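Contents: one structure, followed by commentary.
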Amino acid sequence: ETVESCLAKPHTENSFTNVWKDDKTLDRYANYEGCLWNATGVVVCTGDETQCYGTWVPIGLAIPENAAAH
């Protein structure tokens with residue numbers, strides 16, 4: 001994936017369902033097939049928080065945190 005475009009995205013303003021949370025990445029993240037957003041705190045969650053919306057800053061193609069796996 002083009003991490004440049006995945007980041008050129010609107011930056012968070014969006015959402016995703018079936019969201020997950022990596023203890024490695026250390027944060028909330030939504031696998032947008034090819035893209036990976038990241039939720040912080042204020043994130044509307046429903047269904048045990050499996051689906052949510054709010055700000056999902058873009059950072060990985062589909063799993064890496066914001067530090068870029070450093």
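Each chain of the structure tokens is named A, B, ... in the order shown, its residues numbered from 1; ligands are numbered from 1 in display order.
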Test item, strand (DSSP E) assignment across chain A, answer as a PyMOL selection string: chain A and resi 12-16+20-22+27-32+35-46+51-60
With N, CA, C and O atoms kept, could you save the residues just selected as a compact mmCIF listing (two decimals), in the first residue's frame?
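Result file again26.txt:
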# COMPACT_ATOMS: atom_id res chain seq x y z
N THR A 12 -7.89 10.43 9.95
CA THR A 12 -8.81 10.09 11.09
C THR A 12 -10.29 10.31 10.77
O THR A 12 -11.08 9.40 10.88
N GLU A 13 -10.70 11.50 10.43
CA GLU A 13 -12.15 11.71 10.19
C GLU A 13 -12.71 10.57 9.33
O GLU A 13 -12.59 10.56 8.12
N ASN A 14 -13.29 9.60 9.97
CA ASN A 14 -13.86 8.43 9.25
C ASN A 14 -14.20 7.37 10.30
O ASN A 14 -14.53 7.68 11.42
N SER A 15 -14.13 6.12 9.95
CA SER A 15 -14.45 5.07 10.94
C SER A 15 -14.32 3.70 10.31
O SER A 15 -13.89 3.55 9.19
N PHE A 16 -14.70 2.69 11.03
CA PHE A 16 -14.61 1.31 10.49
C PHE A 16 -15.27 0.36 11.48
O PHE A 16 -15.45 0.68 12.64
N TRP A 20 -10.07 -3.48 15.74
CA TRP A 20 -9.30 -4.33 16.68
C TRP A 20 -8.41 -3.43 17.54
O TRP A 20 -8.47 -2.22 17.46
N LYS A 21 -7.57 -4.01 18.34
CA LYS A 21 -6.66 -3.20 19.18
C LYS A 21 -5.35 -3.96 19.37
O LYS A 21 -5.32 -5.01 19.98
N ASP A 22 -4.28 -3.45 18.84
CA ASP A 22 -2.99 -4.16 18.97
C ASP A 22 -2.28 -3.71 20.24
O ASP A 22 -2.10 -2.53 20.48
N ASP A 27 -2.60 0.78 20.62
CA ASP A 27 -3.65 1.78 20.25
C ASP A 27 -4.80 1.11 19.50
O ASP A 27 -4.76 -0.07 19.20
N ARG A 28 -5.83 1.86 19.18
CA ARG A 28 -6.97 1.28 18.42
C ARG A 28 -6.65 1.38 16.93
O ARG A 28 -5.97 2.29 16.50
N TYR A 29 -7.11 0.46 16.14
CA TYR A 29 -6.80 0.53 14.69
C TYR A 29 -7.90 -0.13 13.87
O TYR A 29 -8.50 -1.10 14.27
N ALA A 30 -8.15 0.39 12.70
CA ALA A 30 -9.20 -0.19 11.82
C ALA A 30 -8.56 -0.66 10.51
O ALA A 30 -7.99 0.13 9.78
N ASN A 31 -8.62 -1.93 10.22
CA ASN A 31 -7.99 -2.44 8.97
C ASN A 31 -8.87 -2.09 7.76
O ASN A 31 -9.80 -2.79 7.43
N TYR A 32 -8.57 -1.00 7.10
CA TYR A 32 -9.38 -0.61 5.91
C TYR A 32 -8.81 -1.27 4.65
O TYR A 32 -8.54 -0.62 3.67
N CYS A 35 -5.32 -0.11 3.96
CA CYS A 35 -5.02 1.08 4.80
C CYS A 35 -5.22 0.73 6.28
O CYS A 35 -5.90 -0.22 6.61
N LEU A 36 -4.63 1.49 7.16
CA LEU A 36 -4.78 1.20 8.61
C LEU A 36 -4.96 2.51 9.38
O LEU A 36 -4.04 3.30 9.51
N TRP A 37 -6.14 2.74 9.90
CA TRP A 37 -6.39 3.99 10.67
C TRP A 37 -6.10 3.73 12.16
O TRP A 37 -5.82 2.61 12.55
N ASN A 38 -6.15 4.73 12.98
CA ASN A 38 -5.86 4.51 14.43
C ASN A 38 -6.79 5.36 15.30
O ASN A 38 -6.82 6.57 15.20
N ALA A 39 -7.54 4.72 16.16
CA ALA A 39 -8.46 5.47 17.06
C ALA A 39 -7.76 5.71 18.40
O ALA A 39 -6.99 4.89 18.87
N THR A 40 -8.03 6.83 19.02
CA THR A 40 -7.39 7.13 20.33
C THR A 40 -8.37 6.87 21.46
O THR A 40 -8.46 5.77 21.98
N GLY A 41 -9.12 7.86 21.86
CA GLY A 41 -10.09 7.67 22.98
C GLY A 41 -11.51 7.97 22.49
O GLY A 41 -12.30 7.08 22.26
N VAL A 42 -11.83 9.22 22.33
CA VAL A 42 -13.20 9.58 21.86
C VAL A 42 -13.55 8.79 20.60
O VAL A 42 -13.31 9.23 19.50
N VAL A 43 -14.12 7.63 20.76
CA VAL A 43 -14.49 6.80 19.57
C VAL A 43 -15.82 6.11 19.84
O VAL A 43 -15.91 5.20 20.64
N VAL A 44 -16.87 6.53 19.18
CA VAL A 44 -18.19 5.88 19.40
C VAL A 44 -18.06 4.37 19.18
O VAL A 44 -17.75 3.92 18.10
N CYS A 45 -18.27 3.58 20.20
CA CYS A 45 -18.14 2.11 20.03
C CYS A 45 -19.46 1.41 20.35
O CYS A 45 -20.19 1.81 21.23
N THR A 46 -19.75 0.36 19.63
CA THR A 46 -21.01 -0.39 19.87
C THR A 46 -20.75 -1.88 19.63
O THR A 46 -19.89 -2.26 18.85
N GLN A 51 -17.39 -2.46 16.62
CA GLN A 51 -17.54 -1.48 15.51
C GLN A 51 -17.53 -0.09 16.12
O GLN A 51 -18.15 0.15 17.13
N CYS A 52 -16.84 0.84 15.53
CA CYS A 52 -16.81 2.20 16.13
C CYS A 52 -16.56 3.27 15.06
O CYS A 52 -16.30 2.98 13.91
N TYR A 53 -16.64 4.51 15.46
CA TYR A 53 -16.41 5.63 14.51
C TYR A 53 -15.79 6.81 15.27
O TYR A 53 -15.76 6.83 16.49
N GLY A 54 -15.31 7.80 14.57
CA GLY A 54 -14.70 8.98 15.24
C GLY A 54 -13.42 9.36 14.50
O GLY A 54 -13.40 9.47 13.29
N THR A 55 -12.34 9.56 15.21
CA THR A 55 -11.07 9.92 14.52
C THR A 55 -10.15 8.70 14.51
O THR A 55 -9.81 8.14 15.53
N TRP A 56 -9.74 8.31 13.35
CA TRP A 56 -8.82 7.15 13.22
C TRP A 56 -7.56 7.59 12.47
O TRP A 56 -7.38 7.28 11.31
N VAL A 57 -6.70 8.35 13.09
CA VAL A 57 -5.48 8.83 12.36
C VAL A 57 -4.86 7.68 11.54
O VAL A 57 -4.68 6.59 12.04
N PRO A 58 -4.54 7.97 10.29
CA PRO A 58 -3.92 6.98 9.38
C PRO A 58 -2.45 6.81 9.73
O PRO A 58 -1.77 7.77 10.07
N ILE A 59 -1.94 5.61 9.70
CA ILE A 59 -0.52 5.41 10.09
C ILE A 59 0.07 4.16 9.44
O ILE A 59 1.25 4.10 9.17
N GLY A 60 -0.71 3.14 9.24
CA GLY A 60 -0.12 1.90 8.66
C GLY A 60 -0.95 1.40 7.48
O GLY A 60 -2.08 1.81 7.28
List every residue of chain A that DSSP, applied to the backbone, labels as helix (DSSP H, G or I), and write the result as a CSV table (one decimal) with N, CA and C atoms, in the first residue's frame.
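What follows is the written file selection_0.csv:
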chain,number,residue,atom,x,y,z
A,3,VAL,N,1.9,4.0,1.7
A,3,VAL,CA,1.7,4.7,3.1
A,3,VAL,C,1.6,6.2,2.8
A,4,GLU,N,2.1,6.7,1.7
A,4,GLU,CA,2.1,8.2,1.5
A,4,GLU,C,0.6,8.6,1.3
A,5,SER,N,-0.1,7.8,0.5
A,5,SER,CA,-1.6,8.1,0.3
A,5,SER,C,-2.4,7.7,1.5
A,6,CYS,N,-2.2,6.6,2.0
A,6,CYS,CA,-2.9,6.1,3.2
A,6,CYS,C,-2.8,7.2,4.3
A,7,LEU,N,-1.7,8.0,4.2
A,7,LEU,CA,-1.6,9.1,5.2
A,7,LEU,C,-2.1,10.4,4.6
A,8,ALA,N,-2.0,10.5,3.3
A,8,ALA,CA,-2.6,11.7,2.6
A,8,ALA,C,-4.1,11.8,2.9
